[PDB]
>>> print(open('model.tsv').read())   # TSV, C-alpha atoms and all ligand atoms
chain	number	residue	atom	x	y	z
P	6	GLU	CA	0.99	-19.16	-4.42
P	7	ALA	CA	-0.23	-20.10	-7.91
P	8	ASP	CA	-3.64	-18.56	-7.06
P	9	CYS	CA	-2.36	-15.04	-6.28
P	10	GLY	CA	-3.70	-11.97	-8.03
P	11	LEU	CA	-7.04	-13.50	-9.10
P	12	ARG	CA	-9.90	-11.93	-7.16
P	13	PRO	CA	-12.70	-14.28	-5.99
P	14	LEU	CA	-15.43	-11.73	-6.74
P	15	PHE	CA	-14.04	-10.67	-10.13
P	16	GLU	CA	-11.53	-12.68	-12.18
P	17	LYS	CA	-12.69	-15.97	-10.64
P	18	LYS	CA	-16.28	-15.07	-11.65
P	19	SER	CA	-15.29	-13.58	-15.05
P	20	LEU	CA	-16.47	-10.18	-13.80
P	21	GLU	CA	-14.67	-6.87	-14.32
P	22	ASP	CA	-14.65	-4.07	-11.79
P	23	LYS	CA	-15.81	-0.56	-12.68
P	24	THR	CA	-12.43	1.03	-13.51
P	25	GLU	CA	-10.04	-1.76	-14.53
P	26	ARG	CA	-10.77	-1.08	-18.22
P	27	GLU	CA	-8.86	2.19	-17.80
P	28	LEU	CA	-5.78	0.18	-16.80
P	29	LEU	CA	-6.08	-2.18	-19.78
P	30	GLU	CA	-6.72	0.80	-22.06
P	31	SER	CA	-3.43	2.37	-20.91
P	32	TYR	CA	-1.57	-0.65	-22.31
P	33	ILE	CA	-3.08	0.19	-25.71
P	34	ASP	CA	-2.94	4.00	-25.68
P	35	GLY	CA	-0.61	5.01	-22.81
K	5	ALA	CA	19.73	18.12	1.30
K	6	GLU	CA	15.94	18.04	1.52
K	7	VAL	CA	14.25	15.19	3.38
K	8	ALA	CA	11.50	13.05	1.88
K	9	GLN	CA	8.33	13.12	3.97
K	10	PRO	CA	6.39	9.84	4.29
K	11	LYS	CA	2.66	9.84	3.57
K	12	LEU	CA	2.12	8.97	7.23
K	13	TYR	CA	-0.21	10.70	9.70
K	14	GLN	CA	1.63	12.82	12.26
K	15	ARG	CA	-1.23	14.34	14.32
K	16	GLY	CA	-3.25	11.34	15.53
K	17	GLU	CA	-5.69	11.20	12.59
K	18	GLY	CA	-5.53	7.39	12.53
K	19	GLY	CA	-7.71	7.32	15.63
K	20	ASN	CA	-10.50	9.50	14.21
K	21	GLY	CA	-13.88	7.81	14.66
K	22	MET	CA	-12.16	4.45	15.04
K	23	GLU	CA	-14.42	1.85	16.67
K	24	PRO	CA	-12.87	-0.59	19.17
K	25	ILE	CA	-12.25	-4.18	18.12
K	26	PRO	CA	-14.40	-6.38	20.41
K	27	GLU	CA	-12.56	-8.11	23.24
K	28	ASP	CA	-13.72	-11.57	22.16
K	29	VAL	CA	-12.14	-10.95	18.74
K	30	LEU	CA	-8.94	-9.55	20.26
K	31	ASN	CA	-8.60	-12.49	22.66
K	32	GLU	CA	-9.25	-15.03	19.90
K	33	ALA	CA	-6.32	-13.63	17.91
K	34	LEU	CA	-4.10	-13.67	21.02
K	35	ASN	CA	-4.52	-17.43	21.51
S	1	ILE	CA	-6.51	8.97	-1.73
S	2	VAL	CA	-7.18	12.21	-3.65
S	3	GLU	CA	-9.61	12.11	-6.61
S	4	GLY	CA	-10.47	8.45	-6.07
S	5	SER	CA	-13.74	6.64	-5.50
S	6	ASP	CA	-15.22	4.08	-3.13
S	7	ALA	CA	-13.77	0.63	-3.72
S	8	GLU	CA	-16.21	-2.03	-4.83
S	9	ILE	CA	-16.71	-4.95	-2.44
S	10	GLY	CA	-13.80	-7.36	-2.82
S	11	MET	CA	-12.07	-5.07	-5.34
S	12	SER	CA	-8.77	-5.11	-3.41
S	13	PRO	CA	-8.87	-8.29	-1.31
S	14	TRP	CA	-5.12	-8.06	-0.61
S	15	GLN	CA	-5.53	-4.67	1.11
S	16	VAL	CA	-4.39	-4.79	4.75
S	17	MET	CA	-4.90	-2.23	7.50
S	18	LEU	CA	-1.92	-2.04	9.85
S	19	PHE	CA	-3.52	-1.26	13.19
S	20	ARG	CA	-2.15	-0.04	16.52
S	21	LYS	CA	-3.45	-2.06	19.47
S	22	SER	CA	-3.47	0.71	22.11
S	23	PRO	CA	-4.59	3.35	21.42
S	24	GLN	CA	-6.70	1.80	18.64
S	25	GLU	CA	-5.53	3.64	15.52
S	26	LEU	CA	-5.10	3.10	11.83
S	27	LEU	CA	-1.34	3.11	11.32
S	28	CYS	CA	-0.73	2.35	7.64
S	29	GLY	CA	-1.88	0.49	4.61
S	30	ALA	CA	-0.29	-2.84	3.77
S	31	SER	CA	-0.79	-5.79	1.42
S	32	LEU	CA	-1.25	-9.54	1.81
S	33	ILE	CA	1.23	-11.51	-0.32
S	34	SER	CA	0.57	-15.00	1.12
S	35	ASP	CA	-1.40	-16.59	3.95
S	36	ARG	CA	1.15	-15.38	6.51
S	37	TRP	CA	3.23	-12.51	5.03
S	38	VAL	CA	2.23	-8.85	4.76
S	39	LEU	CA	4.12	-6.11	2.90
S	40	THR	CA	4.24	-2.48	4.06
S	41	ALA	CA	6.53	0.56	4.22
S	42	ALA	CA	9.48	0.64	6.61
S	43	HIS	CA	8.52	4.10	7.89
S	44	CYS	CA	5.27	2.64	9.24
S	45	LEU	CA	7.32	0.67	11.77
S	46	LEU	CA	10.46	2.80	12.15
S	47	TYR	CA	10.60	6.56	11.56
S	48	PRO	CA	13.07	8.23	13.96
S	49	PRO	CA	12.47	11.85	12.79
S	50	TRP	CA	9.01	11.58	14.38
S	51	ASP	CA	10.18	9.20	17.15
S	52	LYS	CA	8.19	6.31	15.65
S	53	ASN	CA	9.22	2.75	16.56
S	54	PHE	CA	6.68	-0.09	16.64
S	55	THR	CA	7.51	-3.75	17.26
S	56	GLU	CA	5.46	-6.90	16.81
S	57	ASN	CA	3.50	-6.73	20.07
S	58	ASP	CA	2.33	-3.16	19.38
S	59	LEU	CA	0.38	-3.85	16.19
S	60	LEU	CA	-2.05	-6.14	14.42
S	61	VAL	CA	-3.30	-6.47	10.85
S	62	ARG	CA	-6.94	-6.27	9.76
S	63	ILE	CA	-7.67	-8.03	6.47
S	64	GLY	CA	-10.79	-7.99	4.35
S	65	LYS	CA	-11.79	-4.49	5.46
S	66	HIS	CA	-13.89	-1.94	3.60
S	67	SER	CA	-15.10	0.52	6.23
S	68	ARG	CA	-12.31	2.66	7.66
S	69	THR	CA	-13.84	2.80	11.13
S	70	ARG	CA	-16.28	-0.05	11.78
S	71	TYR	CA	-15.35	-3.47	13.06
S	72	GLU	CA	-16.71	-5.53	10.17
S	73	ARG	CA	-18.21	-8.62	11.84
S	74	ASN	CA	-18.02	-11.89	9.89
S	75	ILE	CA	-15.99	-10.21	7.13
S	76	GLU	CA	-12.67	-8.86	8.35
S	77	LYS	CA	-10.08	-11.07	10.03
S	78	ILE	CA	-7.41	-9.83	12.42
S	79	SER	CA	-4.02	-11.37	13.13
S	80	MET	CA	-1.19	-10.67	15.53
S	81	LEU	CA	2.38	-10.37	14.26
S	82	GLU	CA	5.16	-12.85	14.91
S	83	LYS	CA	8.11	-10.91	13.48
S	84	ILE	CA	8.81	-7.61	11.74
S	85	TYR	CA	11.58	-7.27	9.13
S	86	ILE	CA	12.77	-3.82	8.04
S	87	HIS	CA	15.12	-3.51	5.08
S	88	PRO	CA	18.66	-3.22	6.51
S	89	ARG	CA	19.57	-0.28	4.24
S	90	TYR	CA	16.35	1.71	4.67
S	91	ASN	CA	17.37	5.38	4.45
S	92	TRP	CA	14.98	7.41	6.58
S	93	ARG	CA	17.57	10.18	6.95
S	94	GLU	CA	17.32	11.50	3.41
S	95	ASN	CA	15.10	10.07	0.68
S	96	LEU	CA	13.32	7.01	2.18
S	97	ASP	CA	15.39	4.74	-0.06
S	98	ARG	CA	14.38	1.07	0.32
S	99	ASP	CA	11.23	2.01	2.27
S	100	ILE	CA	9.98	-1.55	2.70
S	101	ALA	CA	9.17	-3.96	5.51
S	102	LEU	CA	7.75	-7.46	5.89
S	103	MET	CA	5.53	-8.80	8.67
S	104	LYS	CA	5.00	-12.48	9.45
S	105	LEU	CA	1.60	-13.31	10.92
S	106	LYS	CA	1.36	-15.38	14.09
S	107	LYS	CA	-1.29	-17.58	12.44
S	108	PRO	CA	-2.06	-18.03	8.73
S	109	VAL	CA	-5.18	-16.26	7.52
S	110	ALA	CA	-7.87	-18.20	5.66
S	111	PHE	CA	-8.72	-16.72	2.28
S	112	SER	CA	-12.28	-15.70	1.41
S	113	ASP	CA	-14.24	-13.62	-1.09
S	114	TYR	CA	-12.77	-10.56	0.64
S	115	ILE	CA	-9.31	-11.87	1.57
S	116	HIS	CA	-6.86	-13.01	-1.10
S	117	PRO	CA	-3.15	-12.39	-1.76
S	118	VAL	CA	-1.66	-10.28	-4.52
S	119	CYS	CA	1.19	-11.46	-6.76
S	120	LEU	CA	4.74	-10.17	-6.67
S	121	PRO	CA	6.36	-9.45	-10.04
S	122	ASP	CA	9.28	-11.31	-11.56
S	123	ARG	CA	11.87	-9.75	-13.87
S	124	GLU	CA	9.95	-9.94	-17.15
S	125	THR	CA	6.69	-8.87	-15.49
S	126	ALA	CA	8.44	-5.81	-14.05
S	127	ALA	CA	10.13	-5.02	-17.37
S	128	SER	CA	6.78	-5.40	-19.14
S	129	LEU	CA	4.37	-3.58	-16.81
S	130	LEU	CA	6.46	-0.87	-15.12
S	131	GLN	CA	6.64	1.49	-18.09
S	132	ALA	CA	5.78	5.17	-18.32
S	133	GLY	CA	2.22	5.80	-19.49
S	134	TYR	CA	0.88	2.48	-18.20
S	135	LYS	CA	-1.55	2.99	-15.32
S	136	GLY	CA	-1.57	1.21	-11.99
S	137	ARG	CA	-3.99	1.35	-9.05
S	138	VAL	CA	-3.51	2.74	-5.53
S	139	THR	CA	-5.86	2.03	-2.61
S	140	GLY	CA	-6.03	3.40	0.92
S	141	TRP	CA	-8.02	4.95	3.74
S	142	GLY	CA	-5.87	8.09	3.87
S	143	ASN	CA	-6.75	11.74	3.39
S	144	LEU	CA	-8.97	12.82	0.50
S	145	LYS	CA	-7.20	16.20	0.13
S	146	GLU	CA	-3.93	17.77	1.19
S	147	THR	CA	-5.66	20.87	2.59
S	148	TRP	CA	-9.23	21.64	3.63
S	149	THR	CA	-9.91	24.45	1.13
S	150	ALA	CA	-8.88	22.18	-1.78
S	151	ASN	CA	-12.43	20.77	-2.08
S	152	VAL	CA	-15.77	20.63	-0.28
S	153	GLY	CA	-15.62	16.98	0.82
S	154	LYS	CA	-14.58	15.44	4.12
S	155	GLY	CA	-11.02	14.91	5.28
S	156	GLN	CA	-11.15	11.14	5.65
S	157	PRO	CA	-13.26	8.56	3.80
S	158	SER	CA	-15.75	6.25	5.41
S	159	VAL	CA	-14.74	3.48	2.98
S	160	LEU	CA	-11.59	2.22	1.21
S	161	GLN	CA	-10.66	4.47	-1.73
S	162	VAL	CA	-9.21	3.60	-5.15
S	163	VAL	CA	-7.55	5.64	-7.88
S	164	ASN	CA	-5.76	4.69	-11.11
S	165	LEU	CA	-2.59	6.64	-11.95
S	166	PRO	CA	-0.02	6.51	-14.79
S	167	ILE	CA	3.63	5.67	-14.25
S	168	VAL	CA	5.91	8.64	-14.96
S	169	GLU	CA	9.15	8.80	-16.95
S	170	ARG	CA	12.17	8.64	-14.64
S	171	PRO	CA	13.67	11.98	-15.85
S	172	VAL	CA	10.32	13.66	-15.16
S	173	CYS	CA	10.20	12.17	-11.65
S	174	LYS	CA	13.75	13.39	-11.05
S	175	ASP	CA	13.13	16.92	-12.35
S	176	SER	CA	9.94	17.23	-10.28
S	177	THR	CA	11.74	17.34	-6.92
S	178	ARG	CA	14.95	18.45	-5.27
S	179	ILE	CA	15.02	15.20	-3.27
S	180	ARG	CA	17.58	12.68	-4.53
S	181	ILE	CA	15.68	9.92	-6.37
S	182	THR	CA	17.05	6.36	-6.52
S	183	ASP	CA	16.41	3.30	-8.66
S	184	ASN	CA	14.50	1.74	-5.74
S	185	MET	CA	11.57	4.11	-6.22
S	186	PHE	CA	9.28	5.18	-9.03
S	187	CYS	CA	6.71	7.94	-9.27
S	188	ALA	CA	3.17	8.02	-10.65
S	189	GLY	CA	0.44	10.56	-11.31
S	190	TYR	CA	-0.75	12.92	-14.00
S	191	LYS	CA	1.07	15.93	-15.38
S	192	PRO	CA	-0.82	19.25	-15.44
S	193	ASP	CA	-1.40	19.15	-19.20
S	194	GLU	CA	-3.11	15.75	-18.85
S	195	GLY	CA	-6.01	17.43	-17.00
S	196	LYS	CA	-6.81	14.50	-14.75
S	197	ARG	CA	-5.81	14.42	-11.08
S	198	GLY	CA	-5.19	11.97	-8.25
S	199	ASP	CA	-2.61	10.89	-5.71
S	200	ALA	CA	-1.99	8.97	-2.55
S	201	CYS	CA	-2.00	11.10	0.58
S	202	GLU	CA	-1.33	11.09	4.32
S	203	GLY	CA	-2.60	7.80	5.72
S	204	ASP	CA	-2.21	5.84	2.47
S	205	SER	CA	1.46	4.96	3.01
S	206	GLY	CA	2.32	1.28	3.18
S	207	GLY	CA	-0.50	0.39	0.77
S	208	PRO	CA	-0.03	-1.23	-2.62
S	209	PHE	CA	0.41	0.18	-6.11
S	210	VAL	CA	-0.87	-2.68	-8.25
S	211	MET	CA	-1.11	-3.41	-11.95
S	212	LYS	CA	-3.16	-5.98	-13.84
S	213	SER	CA	-1.18	-8.07	-16.30
S	214	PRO	CA	-2.70	-7.85	-19.81
S	215	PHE	CA	-1.24	-11.29	-20.49
S	216	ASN	CA	-2.38	-13.55	-17.63
S	217	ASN	CA	-5.24	-11.57	-15.94
S	218	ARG	CA	-3.38	-11.44	-12.59
S	219	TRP	CA	-2.75	-8.45	-10.33
S	220	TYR	CA	0.86	-7.64	-9.39
S	221	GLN	CA	2.08	-5.35	-6.62
S	222	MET	CA	4.63	-3.08	-8.32
S	223	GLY	CA	4.91	-0.41	-5.63
S	224	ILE	CA	4.38	0.65	-2.03
S	225	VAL	CA	3.02	4.10	-1.18
S	226	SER	CA	6.06	5.86	0.29
S	227	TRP	CA	6.33	9.65	0.13
S	228	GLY	CA	5.52	12.86	-1.69
S	229	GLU	CA	5.52	16.62	-1.40
S	230	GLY	CA	1.96	17.42	-0.46
S	231	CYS	CA	-0.79	15.58	-2.33
S	232	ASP	CA	-2.13	16.11	-5.86
S	233	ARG	CA	0.02	19.20	-6.47
S	234	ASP	CA	0.57	20.34	-10.06
S	235	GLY	CA	4.07	19.34	-11.16
S	236	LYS	CA	4.59	16.89	-8.28
S	237	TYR	CA	4.11	13.13	-8.14
S	238	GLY	CA	3.62	10.45	-5.53
S	239	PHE	CA	6.64	8.22	-4.97
S	240	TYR	CA	6.52	4.46	-4.51
S	241	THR	CA	8.96	1.83	-3.30
S	242	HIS	CA	9.96	-0.22	-6.36
S	243	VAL	CA	8.96	-3.72	-5.25
S	244	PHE	CA	10.77	-5.80	-7.86
S	245	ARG	CA	14.04	-3.92	-7.30
S	246	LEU	CA	13.88	-5.24	-3.71
S	247	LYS	CA	12.46	-8.70	-4.42
S	248	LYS	CA	15.77	-10.46	-3.74
S	249	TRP	CA	15.62	-9.22	-0.14
S	250	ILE	CA	11.91	-10.10	0.04
S	251	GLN	CA	12.67	-13.66	-1.07
S	252	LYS	CA	15.61	-13.94	1.33
S	253	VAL	CA	13.44	-13.03	4.32
S	254	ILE	CA	10.56	-15.33	3.38
S	255	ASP	CA	12.74	-18.32	2.46
S	256	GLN	CA	14.74	-18.00	5.70
S	257	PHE	CA	11.97	-17.36	8.25
M	301	LIG	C1	12.20	0.01	19.29
M	301	LIG	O1	11.47	-0.39	20.45
M	301	LIG	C2	11.85	-1.67	20.98
M	301	LIG	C3	10.91	-1.96	22.13
M	301	LIG	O2	9.82	-1.04	22.15
M	301	LIG	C4	13.31	-1.65	21.40
M	301	LIG	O3	13.69	-2.93	21.89
M	301	LIG	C5	14.17	-1.26	20.20
M	301	LIG	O4	15.54	-1.15	20.59
M	301	LIG	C6	13.70	0.07	19.61
M	301	LIG	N1	14.47	0.38	18.41
M	301	LIG	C7	15.16	1.52	18.26
M	301	LIG	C8	15.89	1.68	16.96
M	301	LIG	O5	15.20	2.38	19.14
M	302	NA	NA	0.56	16.08	-9.21
>>> encode(input="model.tsv", output="structure tokens", more="lines below")
Ligand SMILES: *[C@@H]1O[C@H](CO)[C@@H](O)[C@H](O)[C@H]1NC(C)=O
Ligand code: NA
Amino acid sequence: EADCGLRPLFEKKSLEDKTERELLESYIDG
Amino acid sequence: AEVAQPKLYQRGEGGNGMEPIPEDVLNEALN
Amino acid sequence: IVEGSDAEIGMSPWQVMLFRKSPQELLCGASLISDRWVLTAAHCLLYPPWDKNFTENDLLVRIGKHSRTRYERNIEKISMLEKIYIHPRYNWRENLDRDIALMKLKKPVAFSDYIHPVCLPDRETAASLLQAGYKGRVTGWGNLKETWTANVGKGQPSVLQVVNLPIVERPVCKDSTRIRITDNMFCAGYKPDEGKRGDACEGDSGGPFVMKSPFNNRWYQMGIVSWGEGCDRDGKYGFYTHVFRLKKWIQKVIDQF
């Protein structure tokens, strides 16, 4: 399904959850 | 050879404090 | 989940609770990958060493849940199972190799703010994301500690728990255990000198290890909580079924049934 992995209450609203920045930061520093 | 142990309850902990699913909800799914 | 925190509402809308009908019990975590297919661990359905064998009529899935214990009116949806598919070369005897199973729902679930499927990785996504040092996310309703004296909190959470954990180099995973590791699993967690802690624990198995693609904003299920030696032990790691390494079987089952 082309809509998988995009959360209605977050990505679809351009909102980030409280800890996902730690995942994205690991791509930079990990 | 050692045996890998799954991260699965073995002593019934899955039932702890578990509230029953209402019968109207259970019967709706069964039909 | 050890050293996690309460999930936010809708934070993991693909999280599924595999539920035993009678007696009413949490069985395992699982994940929604489409409107009618759910991914979990094989040992949730078939584990002969503990005389475990569940078929389709024994279980149901609860989707959109947050509370571990409450029936969440007008939020969660429950579905019966039509068919269970366990990997034909699942190795419960030794190292839980290919610890994966698929469940087809009797009726498709309607998506909502709290119910939405996760993506499965392709070859370049797996090559790109599944690298040591990159962190993924594990969610579950399982134990908060291996033992009681390990901290002052409760044994089980009232609400779905979340923790982020780094993928570990394969030679470090292998040296951490005397169990024979295969290419169909990976391990995640912190080393002692990294200071931070966290792990999946008893009751979390079957749930998803997910990563967010830095290139298209989507969440991909890379792993399934499988096994470990204790929980959050120094020098040990949680082990996960490597989802992409088994995607050919996943696709075979879904395309055929
Ligand atoms: C599991 O149980 C079902 C029915 O409960 C039975 O038909 C099946 O043969 C069992 N599987 C094994 C491996 O014993
Ligand atoms: Na550890």
>>> interface_residues(input="model.tsv", of="chain S", to="chain P", cutoff="8 Å", atoms="all atoms listed in the file", output="MDAnalysis selection string")
chainID S and resid 8 10:13 33:34 112:114 116:119 132:136 164 211:212 214 217:220
>>> residues_near_ligand(input="model.tsv", ligand="ligand NA 302 (chain M)", cutoff="6 Å", atoms="only C-alpha atoms and all ligand atoms", output="MDAnalysis selection string")
chainID S and resid 189:190 232:237
>>> residues_near_ligand(input="model.tsv", ligand="ligand LIG 301 (chain M)", cutoff="10 Å", atoms="all atoms listed in the file", output="PyMOL selection string")
chain S and resi 45-48+51-58
>>> residues_near_point(input="model.tsv", point="(12.6, 15.7, -8.8)", cutoff="12 Å", atoms="all atoms listed in the file", output="short mmCIF file (atom, residue, chain, number, x, y, z; two decimals) with C-alpha atoms, in the frame of the given file")
data_model
loop_
_atom_site.label_atom_id
_atom_site.label_comp_id
_atom_site.auth_asym_id
_atom_site.auth_seq_id
_atom_site.Cartn_x
_atom_site.Cartn_y
_atom_site.Cartn_z
CA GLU K 6 15.94 18.04 1.52
CA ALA K 8 11.50 13.05 1.88
CA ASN S 95 15.10 10.07 0.68
CA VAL S 168 5.91 8.64 -14.96
CA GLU S 169 9.15 8.80 -16.95
CA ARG S 170 12.17 8.64 -14.64
CA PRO S 171 13.67 11.98 -15.85
CA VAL S 172 10.32 13.66 -15.16
CA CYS S 173 10.20 12.17 -11.65
CA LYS S 174 13.75 13.39 -11.05
CA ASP S 175 13.13 16.92 -12.35
CA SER S 176 9.94 17.23 -10.28
CA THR S 177 11.74 17.34 -6.92
CA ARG S 178 14.95 18.45 -5.27
CA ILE S 179 15.02 15.20 -3.27
CA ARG S 180 17.58 12.68 -4.53
CA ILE S 181 15.68 9.92 -6.37
CA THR S 182 17.05 6.36 -6.52
CA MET S 185 11.57 4.11 -6.22
CA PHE S 186 9.28 5.18 -9.03
CA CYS S 187 6.71 7.94 -9.27
CA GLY S 228 5.52 12.86 -1.69
CA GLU S 229 5.52 16.62 -1.40
CA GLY S 235 4.07 19.34 -11.16
CA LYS S 236 4.59 16.89 -8.28
CA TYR S 237 4.11 13.13 -8.14
CA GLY S 238 3.62 10.45 -5.53
CA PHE S 239 6.64 8.22 -4.97
#
>>> atom_distance(input="model.tsv", atom1="CA of residue 253 in chain S", atom2="CA of residue 90 in chain S")
15.0 Å
>>> residues_around(input="model.tsv", residues="residue 208 in chain S", least_positions_apart="2", cutoff="12 Å", atoms="only C-alpha atoms", output="short mmCIF file (atom, residue, chain, number, x, y, z; two decimals) with C-alpha atoms, in the coordinates of the input")
data_model
loop_
_atom_site.label_atom_id
_atom_site.label_comp_id
_atom_site.auth_asym_id
_atom_site.auth_seq_id
_atom_site.Cartn_x
_atom_site.Cartn_y
_atom_site.Cartn_z
CA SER S 12 -8.77 -5.11 -3.41
CA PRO S 13 -8.87 -8.29 -1.31
CA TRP S 14 -5.12 -8.06 -0.61
CA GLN S 15 -5.53 -4.67 1.11
CA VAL S 16 -4.39 -4.79 4.75
CA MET S 17 -4.90 -2.23 7.50
CA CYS S 28 -0.73 2.35 7.64
CA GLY S 29 -1.88 0.49 4.61
CA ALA S 30 -0.29 -2.84 3.77
CA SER S 31 -0.79 -5.79 1.42
CA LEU S 32 -1.25 -9.54 1.81
CA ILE S 33 1.23 -11.51 -0.32
CA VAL S 38 2.23 -8.85 4.76
CA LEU S 39 4.12 -6.11 2.90
CA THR S 40 4.24 -2.48 4.06
CA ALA S 41 6.53 0.56 4.22
CA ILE S 100 9.98 -1.55 2.70
CA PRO S 117 -3.15 -12.39 -1.76
CA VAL S 118 -1.66 -10.28 -4.52
CA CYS S 119 1.19 -11.46 -6.76
CA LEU S 120 4.74 -10.17 -6.67
CA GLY S 136 -1.57 1.21 -11.99
CA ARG S 137 -3.99 1.35 -9.05
CA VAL S 138 -3.51 2.74 -5.53
CA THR S 139 -5.86 2.03 -2.61
CA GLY S 140 -6.03 3.40 0.92
CA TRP S 141 -8.02 4.95 3.74
CA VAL S 162 -9.21 3.60 -5.15
CA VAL S 163 -7.55 5.64 -7.88
CA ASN S 164 -5.76 4.69 -11.11
CA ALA S 200 -1.99 8.97 -2.55
CA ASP S 204 -2.21 5.84 2.47
CA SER S 205 1.46 4.96 3.01
CA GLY S 206 2.32 1.28 3.18
CA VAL S 210 -0.87 -2.68 -8.25
CA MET S 211 -1.11 -3.41 -11.95
CA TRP S 219 -2.75 -8.45 -10.33
CA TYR S 220 0.86 -7.64 -9.39
CA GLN S 221 2.08 -5.35 -6.62
CA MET S 222 4.63 -3.08 -8.32
CA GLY S 223 4.91 -0.41 -5.63
CA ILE S 224 4.38 0.65 -2.03
CA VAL S 225 3.02 4.10 -1.18
CA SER S 226 6.06 5.86 0.29
CA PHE S 239 6.64 8.22 -4.97
CA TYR S 240 6.52 4.46 -4.51
CA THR S 241 8.96 1.83 -3.30
CA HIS S 242 9.96 -0.22 -6.36
CA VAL S 243 8.96 -3.72 -5.25
#
>>> atom_distance(input="model.tsv", atom1="CA of residue 91 in chain S", atom2="CA of residue 227 in chain S")
12.6 Å
>>> closest_residue(input="model.tsv", among="S:63, S:26, S:80, S:7", to="residue 16 in chain K", atoms="only C-alpha atoms")
S:26
>>> atom_distance(input="model.tsv", atom1="CA of residue 105 in chain S", atom2="CA of residue 207 in chain S")
17.2 Å
>>> interface_residues(input="model.tsv", of="chain K", to="chain S", cutoff="6 Å", atoms="only C-alpha atoms", output="tab-separated table (two decimals) with C-alpha atoms, in the coordinates of the input")
chain	number	residue	atom	x	y	z
K	6	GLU	CA	15.94	18.04	1.52
K	7	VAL	CA	14.25	15.19	3.38
K	8	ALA	CA	11.50	13.05	1.88
K	9	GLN	CA	8.33	13.12	3.97
K	10	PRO	CA	6.39	9.84	4.29
K	11	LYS	CA	2.66	9.84	3.57
K	12	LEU	CA	2.12	8.97	7.23
K	13	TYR	CA	-0.21	10.70	9.70
K	18	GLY	CA	-5.53	7.39	12.53
K	19	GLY	CA	-7.71	7.32	15.63
K	22	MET	CA	-12.16	4.45	15.04
K	23	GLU	CA	-14.42	1.85	16.67
K	25	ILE	CA	-12.25	-4.18	18.12
K	33	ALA	CA	-6.32	-13.63	17.91
>>> axis_aligned_box(input="model.tsv", around="range 9-21 of chain K", padding_each_side="6 Å", output="lines of an AutoDock Vina configuration file")
center_x = -2.8
center_y = 10.8
center_z = 9.6
size_x = 34.2
size_y = 19.0
size_z = 24.1
>>> decode(input="model.tsv", residues="range 122-162 of chain S", atoms="C-alpha atoms", output="short mmCIF file (atom, residue, chain, number, x, y, z; two decimals), in the first residue's frame")
data_model
loop_
_atom_site.label_atom_id
_atom_site.label_comp_id
_atom_site.auth_asym_id
_atom_site.auth_seq_id
_atom_site.Cartn_x
_atom_site.Cartn_y
_atom_site.Cartn_z
CA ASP S 122 12.99 -3.53 -0.08
CA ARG S 123 16.62 -4.36 -0.85
CA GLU S 124 18.04 -0.84 -1.01
CA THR S 125 16.02 0.28 2.02
CA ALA S 126 17.41 -2.65 4.02
CA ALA S 127 20.96 -2.00 2.79
CA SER S 128 20.57 1.68 3.67
CA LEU S 129 18.85 1.58 7.07
CA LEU S 130 20.02 -1.69 8.69
CA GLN S 131 23.51 -0.51 9.59
CA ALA S 132 25.30 -0.60 12.94
CA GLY S 133 24.94 2.62 14.91
CA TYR S 134 21.63 3.60 13.32
CA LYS S 135 18.79 3.46 15.84
CA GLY S 136 15.42 1.81 15.41
CA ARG S 137 12.34 1.73 17.66
CA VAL S 138 10.78 -1.17 19.58
CA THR S 139 7.28 -1.10 21.10
CA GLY S 140 5.42 -3.51 23.35
CA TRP S 141 3.37 -4.17 26.46
CA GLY S 142 5.92 -6.59 27.93
CA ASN S 143 7.87 -6.51 31.17
CA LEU S 144 9.57 -3.31 32.31
CA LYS S 145 12.45 -5.19 34.00
CA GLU S 146 13.97 -8.65 33.91
CA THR S 147 13.90 -8.98 37.72
CA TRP S 148 12.02 -7.17 40.47
CA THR S 149 15.05 -5.77 42.32
CA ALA S 150 16.35 -4.17 39.10
CA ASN S 151 14.26 -1.01 39.69
CA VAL S 152 11.44 0.37 41.84
CA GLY S 153 8.73 0.43 39.16
CA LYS S 154 5.98 -2.04 38.38
CA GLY S 155 6.40 -5.29 36.48
CA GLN S 156 4.02 -4.53 33.63
CA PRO S 157 3.02 -1.19 32.07
CA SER S 158 -0.47 0.20 31.98
CA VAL S 159 0.20 1.63 28.50
CA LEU S 160 2.16 0.71 25.34
CA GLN S 161 5.89 1.33 25.78
CA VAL S 162 8.50 2.61 23.31
#
